[PDB]
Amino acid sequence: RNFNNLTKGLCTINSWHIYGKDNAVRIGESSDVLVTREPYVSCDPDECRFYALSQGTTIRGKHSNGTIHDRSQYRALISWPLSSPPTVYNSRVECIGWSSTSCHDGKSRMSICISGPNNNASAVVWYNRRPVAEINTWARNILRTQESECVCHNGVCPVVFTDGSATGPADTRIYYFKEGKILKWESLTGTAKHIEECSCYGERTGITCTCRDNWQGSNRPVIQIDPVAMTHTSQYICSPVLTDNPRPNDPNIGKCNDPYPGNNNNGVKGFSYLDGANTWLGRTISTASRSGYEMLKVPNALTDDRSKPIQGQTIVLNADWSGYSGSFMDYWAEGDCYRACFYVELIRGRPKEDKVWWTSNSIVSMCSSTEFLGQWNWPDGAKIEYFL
């Protein structure tokens, strides 16, 4: 009935507890589970759901062959009940395309899907399950967006888009929507030099997005958005605890206003919670590939170029495949604070496991606890040999 306002701070994060896990690849070995990738989680006022980009085929289906490909006409943003797998029979299509974001403003949900060829892509903005606005490519080079939830304040939902090179300067815009309509957009400002796939969360201070620099940087760029003034700034996480993948080894001095060098033209979507002494960063354990996942408590990581971990938690062992990760919170939960949450995409199949011809994933998700909880590890759990 009313637009949600960001009126709370983050809860104190002392550990992470299991929130959701769908075991989609295990189950999909023998049931009609859709091939997906680029998953996320997003809450409505009365329900939280899993989201992902379908590939328009099941895993056991013959059309799973070739699903390493990123952008076909057979992709769509789907949602399904928390911790169920994405099945043909339980998945709700939000919009058609191969790059997405979605968020609820307290009244209704906005979902955005981009489709088209590389040089002529377009975004369609849906609100309350109807198409409301459209945005054409401005740089004619793979218009693309967050691949995780956006965040709203008093009806205003900012979204970060990029159009242009994946290996050099590109044209990033921040759009501000209300009820699906474009209030305003602005070109990226600040010191971030390349922006992709922002993972965002909101709290009383404003909206914070942790993104992927695909060009030169292995530190992560950050965009901080004021959804009331509809303005933003950008920089990088200052910490020498580097969180992109692949990436160099951790130095003792990070970079606040420029890419930390060593790995070019690659990256992975990731996230962080930047909150002074309550700061936690996510990253793959491997510096070379999308394997393992850990959380590290790094005080003042955003602003302190010498900051190091003082606590951590393993989420996925280095022996197990990970992938994309992103932030979300249940803005409609009871209490005095917003509980930080995240998901990790657990990619199976190609390119790392090429005895099968498909690429898909499952999801694991955690939220923060004020307790100091014991840790487990959370693999996808499927045996590739079963699919041969």
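One rule holds for the numbers: they count along the sequence shown, beginning at 1.
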Residue range whose averaged C-alpha B-factor is higher in the record, 74 to 82 or 218 to 226: 218 to 226
Stretch with the greater mean C-alpha B-factor as recorded in the entry, comparing 65 to 73 against 34 to 42: 65 to 73
Deposited CA B-factor, highest of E345, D330, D354, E29: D354
Top Cα B factor in the deposited entry, candidates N23, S369, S365, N377: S369
Ranked against its chain, the third holding the CA B-factor of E147: lowest
Relative C-alpha B-factor of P240, binned into the chain's lowest, middle or highest third: highest
B-factor third for the C-alpha atom of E94 within its chain: middle
Third of chain Cα B-factors occupied by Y293: lowest
Position of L6 among the chain's modelled residues by C-alpha B-factor, lowest, middle or highest third: middle
